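**Q** What follows is a single structure, and I will ask about it in a moment.
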Amino acid sequence: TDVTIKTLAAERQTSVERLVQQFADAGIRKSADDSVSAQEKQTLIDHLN
């Protein structure tokens with residue numbers, strides 16, 4: 001579940017990478033190569049609404 005952002009970010013490409021950024025704001029690890037959360041892509045929805 002927990003992986004390092006960027007490698008993971010690339011993985012989804014249009015999900016986890018994005019997820020990490022917003023989430024950092026949310027309450028998860030941030031993007032730009034470092035720490036990320038997979039399947040956290042929900043960031044788009046949660047953060048938005």
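Each chain in the structure tokens gets a letter, A, B, ..., in the order shown, and its residues are numbered from 1; ligands are numbered from 1 in order too.
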Find the spatial neighbours of residue A:27, counting only C-alpha atoms, within a cut-off of 12 Å - ignore same-chain residues fewer than 6 positions away - and output them as a compact mmCIF listing (two decimals) with N, CA and C atoms, in the first residue's frame.

**A**
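What ended up in out.txt:
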# COMPACT_ATOMS: atom_id res chain seq x y z
N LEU A 19 -2.29 12.03 -6.69
CA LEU A 19 -2.79 11.72 -5.35
C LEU A 19 -1.86 12.22 -4.26
N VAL A 20 -0.59 11.93 -4.40
CA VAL A 20 0.41 12.34 -3.43
C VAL A 20 0.38 13.84 -3.18
N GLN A 21 0.37 14.63 -4.25
CA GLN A 21 0.35 16.09 -4.09
C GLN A 21 -0.83 16.57 -3.26
N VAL A 36 4.77 8.40 -0.86
CA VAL A 36 3.43 8.41 -1.46
C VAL A 36 2.53 7.29 -0.92
N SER A 37 1.24 7.41 -1.21
CA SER A 37 0.27 6.41 -0.84
C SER A 37 -0.46 5.93 -2.10
N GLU A 40 -4.55 6.04 -3.19
CA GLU A 40 -5.03 7.22 -2.52
C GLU A 40 -5.62 8.17 -3.56
N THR A 43 -7.83 11.39 -3.87
CA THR A 43 -7.51 12.79 -3.63
C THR A 43 -8.34 13.70 -4.53
N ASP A 46 -12.07 13.66 -3.00
CA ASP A 46 -12.09 14.21 -1.64
C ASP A 46 -11.71 15.69 -1.62
N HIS A 47 -10.48 15.98 -2.01
CA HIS A 47 -9.98 17.36 -2.03
C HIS A 47 -10.95 18.28 -2.76

**Q** For residue A:34, which of A:49, A:1, A:11, A:17 is the closest residue, counting only C-alpha atoms?

**A**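 Under the stated criterion, the closest residue is A:17.
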
**Q** Could you find all residues in chain A that DSSP calls strand (DSSP E or B) from the backbone, and write them as a list in words?

**A**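 Written out, the strand (DSSP E or B) residues of chain A are residues 2, 3, 36 and 37 of chain A.
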
**Q** Near residue A:48, counting only C-alpha atoms, which residues have an atom at most 12 Å away, once you skip same-chain residues fewer than 4 positions from it, shown as a CSV table (one decimal) with N, CA, C and O atoms, in the first residue's frame?

**A**
chain,number,residue,atom,x,y,z
A,19,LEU,N,-2.3,12.0,-6.7
A,19,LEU,CA,-2.8,11.7,-5.4
A,19,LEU,C,-1.9,12.2,-4.3
A,19,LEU,O,-2.3,12.9,-3.3
A,22,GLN,N,-2.0,16.4,-3.8
A,22,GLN,CA,-3.2,16.9,-3.1
A,22,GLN,C,-3.2,16.3,-1.7
A,22,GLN,O,-3.4,17.1,-0.7
A,23,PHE,N,-3.0,15.0,-1.6
A,23,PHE,CA,-3.0,14.4,-0.3
A,23,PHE,C,-2.0,15.0,0.7
A,23,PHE,O,-2.4,15.2,1.9
A,25,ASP,N,-1.5,17.9,1.1
A,25,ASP,CA,-2.5,18.8,1.7
A,25,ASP,C,-3.5,18.1,2.5
A,25,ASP,O,-3.7,18.5,3.7
A,26,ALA,N,-4.1,17.0,2.0
A,26,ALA,CA,-5.1,16.2,2.7
A,26,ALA,C,-4.5,15.7,4.1
A,26,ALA,O,-4.9,16.3,5.1
A,41,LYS,N,-5.5,7.8,-4.9
A,41,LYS,CA,-6.0,8.6,-6.0
A,41,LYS,C,-7.3,9.4,-5.6
A,41,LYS,O,-7.6,10.4,-6.2
A,42,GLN,N,-8.0,8.8,-4.6
A,42,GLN,CA,-9.3,9.4,-4.2
A,42,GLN,C,-9.1,10.9,-3.9
A,42,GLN,O,-10.1,11.7,-3.8
A,43,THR,N,-7.8,11.4,-3.9
A,43,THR,CA,-7.5,12.8,-3.6
A,43,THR,C,-8.3,13.7,-4.5
A,43,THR,O,-8.9,14.7,-4.1
A,44,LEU,N,-8.4,13.4,-5.8
A,44,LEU,CA,-9.1,14.2,-6.8
A,44,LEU,C,-10.6,14.5,-6.3
A,44,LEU,O,-11.0,15.6,-6.3

**Q** Chain A: which residues are alpha helix (DSSP H) by DSSP, as a ChimeraX atom specification?

**A** /A:7-12,16-26,43-48
